[PDB]
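Asks: Counting with the deposited numbering, you get residues 45 to 68, 74 to 91, 103 to 128 for the letters of the sequence shown.
Beta carbons are placed, not taken as given, at the ideal position from N, Cα and C, and that holds for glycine.
One structure, as structure tokens, below. Some questions next.
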Amino acid sequence: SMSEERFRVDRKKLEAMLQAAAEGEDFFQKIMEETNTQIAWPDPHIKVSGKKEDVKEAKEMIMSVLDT
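Listed below in structure tokens is the structure:
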């Protein structure tokens, strides 16, 4: 099963995470490597692609940080 999920995240929380990932590997590339998923970003939305289970696991991690 191949899934592609698009969900809203806090704009200010996503703002701070992108800045920290610049000064740094990366919180997102760690999830992408760990879950074998593809993340895309522009509250705004981010987009995760991959296996149904991997997308579900990437979303649970991202949403815990970028909660709403």
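Across which residues does DSSP place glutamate 48 in a beta bridge pair?
Replies: Translated into the one-based positions of the sequence shown, residue 48 becomes position 4. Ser109.
Asks: Among residues of its own chain, excluding the 5 on either side of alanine 89, which ones have a beta-carbon nearer than 6 Å to its beta-carbon?
Replies: Numbered from 1 along the sequence shown, position 40 holds the residue referred to as residue 89. Result list for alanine 89: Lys107, in chain order.
Asks: To the nearest angstrom, report how far apart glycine 68 and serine 45 are at their CA atoms.
Replies: Within the sequence shown, residue 68 is the residue found at index 24, counting from 1. Within the sequence shown, residue 45 is the residue found at index 1, counting from 1. Cα to Cα, the separation comes out at about 34 Å.
Asks: Within its chain, find whatever has a CB closer than 6 Å to the CB of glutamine 87; leave out the 5 residues flanking it on each side and keep chain order.
Replies: Within the sequence shown, the letter at position 38 stands for residue 87. Contacts found: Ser109.
Asks: Have a look at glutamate 113 and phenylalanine 51 and give me their C-alpha separation to the nearest angstrom.
Replies: Counting from 1 along the sequence shown, the entry for residue 113 is found at position 53. Counting from 1 along the sequence shown, the entry for residue 51 is found at position 7. Distance between the alpha carbons of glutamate 113 and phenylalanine 51: 16 Å.
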